[PDB]
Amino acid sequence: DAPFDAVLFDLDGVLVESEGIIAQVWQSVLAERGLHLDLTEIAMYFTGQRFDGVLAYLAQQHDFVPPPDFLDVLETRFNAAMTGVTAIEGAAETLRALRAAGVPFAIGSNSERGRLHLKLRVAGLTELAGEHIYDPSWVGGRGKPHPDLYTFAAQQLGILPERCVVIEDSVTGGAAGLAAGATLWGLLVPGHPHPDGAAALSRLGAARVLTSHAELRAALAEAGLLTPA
């Protein structure tokens, strides 16, 4: 019983860490302007939120209206900050193991293409990540949670989607994997913010929810793709 031929990875939260860095920028920019919020609140409600929606949130939940220089200073600091993106603990090891085993894999991300490659570069994963790296410009803009990106990724590997496992840390990305016909394994490495929690991924339909790259490799070995410890 070999369930899988190939692995499809999300980027943010699974291979690289960036949500944490961006939350820290929101926190310091607001703090300097009077408002002190917890990183968990910032990650939960500001992430993937549009700027006017953040403004609405701040007014509604915190009676707060940032001063005029808010937009200008945030974009400055968000830019200086992309620099500090790091690899997720054990991600390089998982990519190295799949490569040594000859297991096909691809990366699918909603990031704009330049940003996608920038993050892999600064995290030191460019060489390990390989050549199958897809952002929504490859599928006409129809990014996650549409299945298109993962359908396309599987096609490029020459593998049926139903024979892929998708490694995701959000309902947005996990739904794209499931809608493509793949199996979903959630991966929620602790100490890093993720858009959704384990219960939400399980309810969505994740076959399992893993908590470390070491756990991921062990599961992959159980599935016949890697060699067990």
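Just count from 1 along the sequence shown to find any residue number.
Taking the PDB entry as given, 76-84 carries the higher mean Cα B factor of the two stretches 76-84 and 92-100. Stretches compared: 8-16, 215-223. Higher mean C-alpha B-factor in the entry: 215-223. Per the PDB record, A56 has a higher Cα B-factor than any other of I42, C164, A199, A56. As recorded in the PDB entry, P67 shows the highest C-alpha B-factor of the residues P67, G177, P195, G186. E112 sits in the middle third of its chain by CA B factor, as recorded in the PDB entry.
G141 sits in the lowest third of its chain by CA B factor, as recorded in the PDB entry. Annotation for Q155: CA B-factor lies in the highest third of the chain's modelled residues.
Per-chain ranking of the deposited C-alpha B factor places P147 in the lowest third. For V171, the recorded CA B-factor ranks within the lowest third of the chain. Only modelled residues enter the ranking.
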